[PDB]
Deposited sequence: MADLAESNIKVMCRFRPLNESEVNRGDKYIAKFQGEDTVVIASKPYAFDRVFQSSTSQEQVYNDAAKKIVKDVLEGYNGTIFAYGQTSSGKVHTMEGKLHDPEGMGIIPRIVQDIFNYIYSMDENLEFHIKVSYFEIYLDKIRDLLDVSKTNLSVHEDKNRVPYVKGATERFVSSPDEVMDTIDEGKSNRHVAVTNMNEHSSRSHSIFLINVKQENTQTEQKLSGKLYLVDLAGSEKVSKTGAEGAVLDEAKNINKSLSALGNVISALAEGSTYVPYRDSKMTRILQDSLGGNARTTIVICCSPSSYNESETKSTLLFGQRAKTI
């Protein structure tokens, strides 16, 4: 199909108490349930979550329908974009298995398994893959001896990563441990800042024994490393230029879709080529951009919001 259906959503965290003492202003105005005003500039979105909004409700509005569609055979992608101390990890992971405080990913894992456990004539297979785009290279986060993987396309023109590690999982914890293993292998540097973009893949295969009909859906979880304004003046500079280039290539595709372009330049980067069949078209997408309301951050929460704006129609 040719919908476009990409939604961008912004979640502001509470300034916390320790940031309120160091001396700061809240610098974030809201009007509508979907617009935010910083420095008297309005930024419109599909949805804006303020500090009082629970984890469950960000999951219900960003992810819950994407998961449903994957359990129905479709593809989907979720992006998490944020600068450091924006509330990204809290939003994506949170305190997992506090049922009130877990973020997006753990609720996704439990909604998949509650769906499975809820079914006799239905056979399942969940494959998880986990890799990163670091310095334009695809590294496997589940098998670190595999540092430079390639993208190819099969007979049906759907893209794949030759050699990426696929793990079969059968329980919510077996999924969370695969994720923790990968995280220890991601490129981080300097506070704790992602030097790469990570892609987590949940592939949910189903077979119905009586109708002998099959289903197969791909859910991608992409953690975007924040953009850097960078002038080691060497290996780190390389890291920053690639982060920015691949984000701009991503923006280009996303914006082509949102603006109803009839040529969406997927081929331009490895990440958008990998996610080609899960970005746009009959696939559903949510970009969650996380921002700090804090004044200390106003220069770059402005930059985050501008990035989110690239996805507005």
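The deposited sequence has C-alpha coordinates everywhere except the stretches 1 to 3, 123, 195 to 198, 240 to 242, 325.
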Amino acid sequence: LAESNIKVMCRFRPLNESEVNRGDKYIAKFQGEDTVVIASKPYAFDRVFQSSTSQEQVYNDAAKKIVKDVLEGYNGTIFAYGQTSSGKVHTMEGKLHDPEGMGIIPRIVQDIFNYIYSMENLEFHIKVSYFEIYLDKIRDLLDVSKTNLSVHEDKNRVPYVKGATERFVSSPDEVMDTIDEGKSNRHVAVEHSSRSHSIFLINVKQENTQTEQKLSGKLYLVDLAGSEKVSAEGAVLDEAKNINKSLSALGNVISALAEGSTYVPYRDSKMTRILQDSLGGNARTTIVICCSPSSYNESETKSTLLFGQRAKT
From here on, numbers count along this sequence of modelled residues.
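Remark: stretch with higher mean C-alpha B factor among 82 to 90 and 134 to 142 is 82 to 90. For the pair 10 to 18 and 285 to 293, the mean B factor over Cα atoms is greater in 10 to 18. Sorting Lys245, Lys29, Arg267, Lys68 by the CA temperature factor given in the entry leaves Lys29 at the top. Within the selection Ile116, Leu237, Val188, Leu201, the deposited Cα B-factor values reach their highest point at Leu237. Among all modelled residues in this chain, the alpha-carbon of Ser261 has a temperature factor (C-alpha) in the middle third. Placement of the Cα temperature factor of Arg273 within the chain: lowest third of the modelled residues, per the deposited record.
Placement of the Cα temperature factor of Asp173 within the chain: middle third of the modelled residues, per the deposited record. In this PDB entry, the Cα temperature factor of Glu123 sits in the middle third of its chain's modelled residues. Annotation for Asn148: CA B-factor lies in the lowest third of the chain's modelled residues.
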